[PDB]
Each structure stands twice: as structure tokens, then as C-alpha cells.
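Number of protein chains: 2
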Amino acid sequence: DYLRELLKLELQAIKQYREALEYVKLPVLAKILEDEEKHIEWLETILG
Amino acid sequence: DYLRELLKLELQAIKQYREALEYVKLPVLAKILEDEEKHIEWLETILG
Ligand SMILES: [Co+2]
Ligand SMILES: [Co+2]
Ligand SMILES: [Co+2]
Ligand SMILES: [Co+2]
């Protein structure tokens, strides 16, 4: 469970950034996205 | 505001990982922390 709990925060975050980038086009914002994507994979991985 | 909204998700996340690492000592988990820390700084920065 704890890990699934990280999973959902991570997915809720990648939504807020996703929306933010739907309007303002900042590179830094989008650099954060790819950090969470990398993240998200590592989560499911060890989730199994 | 939107940016402050990212700020709080990011800070709430670094709490869940912080706690998780308070019990299980996975390197990957801690690699995520430092991604969010890097993140957090970029947020406040552009927050001003
Ligand atoms: Co919308
Ligand atoms: Co993340
Ligand atoms: Co506690
Ligand atoms: Co982050």
C-alpha cells in the first residue's frame, strides 16, 4: 500500500503539471514532468 | 497560484517519501527524494 500511495500522489502531480503546461509553455515545468514520469515507472516496477 | 499549488503537492509528496524512508531503506526511494528537492527549489525560484 504505502507504495501505491506514492503512486497516486505522483499521478495527481503529473496531472497538475500537465495542465499547467496546457497553458504556459515553460521548459522548466516540462523538465519536471519527465522527472515524475521516470519516477512513475520506478514505482510500478517495484509494485510488480 | 497554480505554481503554489504544485509547491504543496511537491511538499506533501516529499513527506510521504520521507516517511517511507523512515522505515524501509531503499535507495530508489531516496533517489526520488532528491528529484523532488531539486524540483522544490525550482518552484520557489520562479515563485520569486
Ligand atoms: Co481543465
Ligand atoms: Co516524483
Ligand atoms: Co508518522
Ligand atoms: Co516533483
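Protein chains in written order, with our numbering: chain A, -15 to 32; chain B, -15 to 32.
Positions of the beta carbon are idealized from the N, C-alpha and C atoms, including for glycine.
Give a yes or no on whether the C-beta atoms belonging to residue i and residue j are separated by under 8 Å.
{"i": "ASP19(B)", "j": "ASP19(A)", "result": "yes"}
{"i": "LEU31(B)", "j": "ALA(-3)(A)", "result": "no"}
{"i": "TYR1(B)", "j": "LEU(-10)(A)", "result": "yes"}
{"i": "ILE24(A)", "j": "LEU5(A)", "result": "no"}
{"i": "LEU(-13)(B)", "j": "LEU27(B)", "result": "yes"}
Pick helix, strand or coil for residue i, following the three-state DSSP scheme.
{"i": "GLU18(A)", "result": "helix"}
{"i": "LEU5(A)", "result": "helix"}
{"i": "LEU10(A)", "result": "coil"}
Using a cut-off of 8 Å between C-beta atoms, extract the partners of residue i located in chain A.
{"i": "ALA14(B)", "result": "Within chain A, no residue comes near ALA14(B); the closest Cβ sits about 12 Å away, beyond 8 Å."}
{"i": "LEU(-7)(B)", "result": "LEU(-7), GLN(-4), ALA(-3) and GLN0"}
Could you tell me which chain B residues have their CB closer than 8 Å to the CB of residue i, listed as they occur along the chain?
{"i": "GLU6(A)", "result": "Here the premise fails: no neighbours, minimum Cβ distance about 11 Å."}
Name the chain A residues whose beta carbon is nearer than 9 Å to that of residue i?
{"i": "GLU18(B)", "result": "Within 9 Å Cβ-Cβ: nothing; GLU18(B) doesn't reach chain A, min ~10 Å."}
Can you list the residues of chain B that residue i reaches, using a CB-CB cut of under 9 Å?
{"i": "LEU(-10)(A)", "result": "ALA(-3), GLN0, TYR1, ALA4, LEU13 and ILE16"}
List, in order along the chain, the chain B residues whose C-beta lies closer than 7 Å to that of residue i?
{"i": "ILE24(A)", "result": "By Cβ distance, chain B contributes nothing, its closest Cβ being about 10 Å from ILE24(A), past 7 Å."}
When you get a sec, list the residues whose CB is within less than 7 Å of any heavy atom of ligand 5, chain order please.
For ligand 5, the structure offers nothing, since it holds only ligand 1, ligand 2, ligand 3 and ligand 4.
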